[PDB]
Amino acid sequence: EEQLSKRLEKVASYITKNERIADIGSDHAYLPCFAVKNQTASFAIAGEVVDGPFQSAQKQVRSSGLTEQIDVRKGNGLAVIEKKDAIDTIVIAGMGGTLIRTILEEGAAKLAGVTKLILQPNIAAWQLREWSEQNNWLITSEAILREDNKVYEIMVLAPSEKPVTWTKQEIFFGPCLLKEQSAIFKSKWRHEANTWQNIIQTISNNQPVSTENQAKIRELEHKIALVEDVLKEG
């Protein structure tokens, strides 16, 4: 068996209770195999939408001797889940935040009985924190890591019967991540804010500035102010 990437290892680290899981758009079923093998999961669905990855995942499951504990299924999003599967945890990793959000909204019925989501968006993480507020899922854990010079965020959610209400900083940055203030968190956001300040200068010095670009500047100022507020610097 191959070792998981640090990204997928972090995602897997949130599967803990010998759970029934579904990994949507699974990366070769590596994570389902790792979690079944090490007993942190008792059953997995590995979902795939197209041929190459569906076949690669089937072959990994067979190679692991895990065909009795892992079902590889072809389907769009949560179409691979059925009520009778009694899934406890859903993993959706390695996709953009908007796509993940769409998967969660179109597949809303399939969230019946699910008690944990582990989501790893490659862009627009804030979209999923907004979803969490609109649908009353609490964020219970988050992580931020760097692998191959790319920064990845992971969030873990659970249903809440009480309203979930975030601040705009919690949506943009992550409620757990902004409490933690890790070195990767601080470096990522200072990096982005430096780019936004640079963009403002570039636009401002190409007079005349269009009404479209004035609005862009306002947006960039807002984002920089959010970072300054969370870092308490600048």
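Numbers for residues come from their place in the sequence shown, where the first is 1.
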Given 19-27 and 209-217, the range whose Cα B-factors average higher in the PDB entry
209-217
Tell me which of 165-173 and 31-39 has the higher mean C-alpha B-factor in the deposited entry.
31-39
When you compare the CA B-factors of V80, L128, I144, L117 as listed in the entry, which one comes out on top?
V80
By its CA B factor, does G96 count among the lowest, middle or highest third of the modelled residues in the chain?
middle
Could you say whether, by C-alpha temperature factor, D85 belongs to the lowest, middle or highest third of its chain?
highest
Chain thirds of CA B-factor: placement of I184:
lowest
Chain-wide C-alpha B factor ranking for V227, given as lowest, middle or highest third:
lowest
By the record's CA B-factor, is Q134 among the lowest, middle or highest third of residues in the chain?
middle
